[PDB]
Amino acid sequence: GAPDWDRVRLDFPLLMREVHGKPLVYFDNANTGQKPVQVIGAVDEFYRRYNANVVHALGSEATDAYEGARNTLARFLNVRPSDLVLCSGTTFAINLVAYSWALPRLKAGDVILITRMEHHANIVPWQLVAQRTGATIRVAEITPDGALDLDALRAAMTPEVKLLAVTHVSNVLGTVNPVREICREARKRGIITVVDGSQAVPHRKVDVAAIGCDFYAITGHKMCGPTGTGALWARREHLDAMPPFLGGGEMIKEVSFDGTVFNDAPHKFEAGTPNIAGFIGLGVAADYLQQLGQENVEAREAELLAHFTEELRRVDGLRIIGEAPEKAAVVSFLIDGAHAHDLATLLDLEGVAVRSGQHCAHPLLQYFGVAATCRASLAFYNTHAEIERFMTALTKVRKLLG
């Protein structure tokens, strides 16, 4: 559609913030994303006009909105709404698979294969259930450019491997993994795939069904949506076969002390009152991104990334962690003789929000041999002028640490 990006930016009122007496440059979109006023106003209007559980008039509109949001998010991912479980975030989504798929199935001798670049959300659940089942964890290695080693991956997918946890897009490296080809091969070998989509769906069109995976998790607050929102897509055969996770109201059909009958998926896995307001907003957020066009977002952020990377390469002593041939607008970097945390601290005082640390990916940073990276992560509402301002601030900050 080719939207006007200077108009699009005006939808985001937080970008008018000033911090430390300076206009904010928000380059921490990988930590959480900012919301268009359409999303903020949808939540506000729910609380002011039709707050009710999901009956009477307000309860009726609240329910249509809540399920309407599931339909919208499902069209956003190109999956069926009945296969889409709504939850508080990617972390909940993956733990649901860990407790309800793997925990009742794995045994001694089974192997869980996890790539070196996984976020802790796609590592720690598997460690918990591996320890409980007697299963063992094997690491799928990466190369120094931040790519997944596909040859090593193929060789690691031996018959004893029962599940592969793999990120769609790395939150540290920006790397875009070929999840379609990965999941096609894992299925050929009887290996279940759990794909972490948290950093994919904000930055590119994702057709989840076409990936051919078994489970796919997203988190709402990184895709223009309210906090406490997220979803798990899963093959229907899996949602039918898995036991319930959380128990309570709404996931039951009939409750008796003699025995309870459970609902079918997806409500089967949604216990208790949902985050009604948050998912109403995520519906609006998913619709907002589709109206922009996800492919336009991807092209816009690739233009921002190329500008930022071209300028960042002129910095003496700088190196980028994550130089894969396809990546989202996430740049982790280090500067010789400068501590990443000093860089983040001084950049903040110049109005620029970045993140220094390990980004909840400790094994990945261990492979690179570094205690932290400074990460600037960009979104379509950032501007080329902000990038030029960032380079001016970095030069001033680096001179302050000289």
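Just count from 1 along the sequence shown to find any residue number.
Novice: Using the PDB record, quantify the missing residues of the deposited sequence between residue 54 and residue 55 as none, 1 to 3, 4 to 9, or 10 or more.
Specialist: Just 1 to 3 residues are missing between them.
Novice: What stretch has the higher average Cα B-factor here, 215 to 223 or 237 to 245?
Specialist: Result of the comparison: 237 to 245.
Novice: Please compare 250 to 258 with 204 to 212 and name the stretch with the higher mean C-alpha B-factor in the deposited structure.
Specialist: According to the PDB entry, the answer is 250 to 258.
Novice: Just the C-alpha B-factor column, please: which of 94, 331, 155, 85 has the biggest number?
Specialist: Across 94, 331, 155, 85, the entry lists the biggest C-alpha B-factor for 155.
Novice: Check the PDB entry and point out which of 309, 131, 122, 273 has the largest C-alpha temperature factor.
Specialist: In this record, 131 carries the highest C-alpha B-factor of the candidates.
Novice: Sorting the chain's CA B-factors, does residue 60 end up in the lowest, middle or highest third?
Specialist: According to the entry, residue 60 has a C-alpha B-factor in the chain's highest third.
Novice: Relative to the other modelled residues of the same chain, rank the CA B-factor of residue 116 and answer lowest, middle or highest third.
Specialist: CA B-factor rank for residue 116: lowest third.
Novice: Is residue 9 in the lowest, middle or highest third of its chain when residues are ranked by C-alpha B-factor?
Specialist: CA B-factor rank for residue 9: lowest third.
Novice: By the recorded C-alpha temperature factor, relative to the other modelled residues in its chain, which third is residue 361 in?
Specialist: Tercile = lowest for this residue's CA B-factor.
Novice: Compare the C-alpha B factor of residue 138 with those of the other modelled residues in its chain, then answer lowest, middle or highest third.
Specialist: Residue 138: CA B-factor falls in the highest third of its chain.
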